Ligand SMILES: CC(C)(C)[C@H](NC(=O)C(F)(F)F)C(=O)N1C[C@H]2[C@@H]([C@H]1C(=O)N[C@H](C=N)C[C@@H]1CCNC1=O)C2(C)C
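Next up: just one chain, as C-alpha cells, the form solved without the named molecule.
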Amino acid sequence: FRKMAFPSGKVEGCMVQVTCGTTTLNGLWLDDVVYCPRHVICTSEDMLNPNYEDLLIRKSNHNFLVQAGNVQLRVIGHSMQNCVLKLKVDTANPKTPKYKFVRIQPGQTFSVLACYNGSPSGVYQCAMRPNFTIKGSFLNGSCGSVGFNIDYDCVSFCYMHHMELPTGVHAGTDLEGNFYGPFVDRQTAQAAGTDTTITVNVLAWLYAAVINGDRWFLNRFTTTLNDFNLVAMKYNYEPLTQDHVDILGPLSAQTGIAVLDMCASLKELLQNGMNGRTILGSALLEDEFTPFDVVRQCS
C-alpha cells in the first residue's frame, strides 16, 4: 500500500527560478505574479537577524532575476505579503492551472514538488505534522518548493518551504506568507515543540489494511472513546474527536468495522506493540494517510 503523490505536471509549468543579489531559490509563477520566500533578499549574514522591511527597501524591481527555463521575466512591481515576496511581472504564465490558495490543518496531507534552482527534481507525498513541521527532503536550493493538492482540475496550493530548523525538520508558510506553527524566517534556534501521532490517520491506515487483506490486528475487545483517548494521551497520540469518527464513517461502512472497535484494536496495538509482525508491510504505525487519501486510493 503505497504513498501516492498527485500528478505534478500542472505545478511543473509554474516553477521558476528567482535570483536576488546572490541568493537564488524557487518561485511559483501564477498569472502575472511570482511568489517566493522573502528571504531570497537575504545574504547568509542577513539571515541571522533580518529586518525585512529595511532589507526590501534597498531592492528595486530590476534587482530580481526571475527566469522560467529560458525566457527571462520583466519584473514591474514588488510587494511583501507577510513572509512571501510577490513579484508582479509583465507576462502572465500561459500554463497557469485553475488554482486556489488554501491553509490546511495539522494532519492533512499534500504533495511537494521539490525543485533545485528552478527545475523540478522529484515529487513526494507528506503530512503537516501536528507541530506544524514536515519531515522531508529539502536540500540546498529547495526553498520556495510548493506543496499542493489537486481536486479534478484545480490546484489547491497549501505550502511553500522556507527554512530547515536546526533540528533538521522543515518549516514554511501558506501561499499568503503566514508560517505554519510558531516559526520565523530567521536563522535562530526555534523550538518545534512536542510532536504527536495523527490518530485519525493511523485508524484510516488500519482500514486500508483490512481492505487489503491484513486483519491479524482485529480484536475481540472493544472500547469507549474516553478509554481510548486515555490510552492515546499516554502514547503521544492526538485526541480522537467525534469529527474524526465521522470522517472515518465511509471506511467503517465499507469494511463493516465500527470506529470504536478499530480504536480498540489500536489500543491493544499501542499497549502491546506489533510483536515482530507487520501491517501492510510496515513494522510501525503509519500516520501520513488521511481518511480521504485511503478512500481516494481504494476507490
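Quick note: we count residues from 1 along the sequence shown, nothing fancier.
Only in words, not in the display: the form solved in complex with the named molecule, which the text now covers.
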Next on the checklist: My understanding is that the named molecule gets transferred in the entry with it bound by a local C-alpha superposition; in that placement, do 3 or more ligand atoms come within 2.4 Å of this form's backbone or C-beta, making it blocked, or is it open?
Outcome noted: blocked
Checklist entry - For the chain shown here without its partner, which stretch in 84-92, 187-195, 214-222, 200-208 has non-hydrogen atoms within 4.5 angstroms of the named molecule in the entry with it bound? => result 187-195
Next on the checklist: Exactly one residue in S79, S119, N226, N140 has a non-hydrogen atom within 4.5 Å of the named molecule in the entry with it bound; which is it?
Outcome noted: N140
Item to check | Contact of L165 with the named molecule in the entry with it bound (heavy atom, 4.5 Å) | outcome: yes
Checklist entry - Does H39 reach the named molecule in the entry with it bound if we count a contact as any heavy atom within 4.5 Å? => result yes
Next on the checklist: Please tell me whether any heavy atom belonging to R129 falls inside 4.5 Å of a heavy atom of the named molecule, as the geometry stands in the entry with it bound.
Outcome noted: no
